[PDB]
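First, one chain by itself: the form deposited without 3-aminophenyl dimethylcarbamate (VTC), in structure tokens.
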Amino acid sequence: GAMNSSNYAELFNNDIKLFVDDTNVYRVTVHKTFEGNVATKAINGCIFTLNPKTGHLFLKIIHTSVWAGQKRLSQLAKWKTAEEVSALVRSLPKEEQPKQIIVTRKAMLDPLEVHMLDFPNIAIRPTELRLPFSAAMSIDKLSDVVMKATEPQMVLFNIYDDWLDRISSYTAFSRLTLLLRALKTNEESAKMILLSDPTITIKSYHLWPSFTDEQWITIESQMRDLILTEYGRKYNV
């Protein structure tokens, strides 16, 4: 069934599972036309498919050509997502295929269930967690590869960098969701925090800066401050 605060450690057991987030699949800019009407222009998007135990991210880039000549694009986007997740599963060796797929939005359940009929033993699950994966396009290297794509493309990343050498999956996921929640609540501030000290760099093969253990504690504290703040700035408290 649904994934929530009560069965949270299930994410870090040894049953392969993937989160699928479709927020950034269909992206548009809204603009005025010469006649003064409104129109949309699609921009490249991506499916965010993440193994929360290992950090492996299957970033399927959705090029704007997939929408050409199609109607009802927000509905199509959910089915395109399910098509691409199903194709990813079929592409993996049997022993790497997930036992569960957790969708971050309930509207993905029927599209994914229908595309996965061939896999009756893979459980498709919703979640009650409000996960911040929409903020993935605030990660500069992810945004860059999506915007530069000229054709459909899958790009593989480890969203934890090398953190698992020093910390557990549970802790790594908690750091990731704290970072993304901050980026979602106040992107400018969050990004200032992450880069303020130019002596800490991002390795070419990494997404995040090379903080020491002690610097991650300070970073993490600054992100909590931002989130609580913004929460005040918002509701006035």
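Sequential numbering from 1, following the sequence displayed.
This protein has a second form, the form solved in complex with 3-aminophenyl dimethylcarbamate (VTC), left out of what is shown; the following refers to that one.
3-aminophenyl dimethylcarbamate (VTC) in the bound PDB entry is approached by residue 140, whose closest heavy atom lies within 4.5 angstroms of it. When contacts are defined as a non-hydrogen atom within 4.5 Å, none of 106, 109 and 124 contacts 3-aminophenyl dimethylcarbamate (VTC) in the bound PDB entry. Contacts of stretch 169-202 with 3-aminophenyl dimethylcarbamate (VTC) in the bound PDB entry, defined by any heavy atom lying within 4.5 Å, are made by 183, 191, 194, 195, 202, listed in sequence order.
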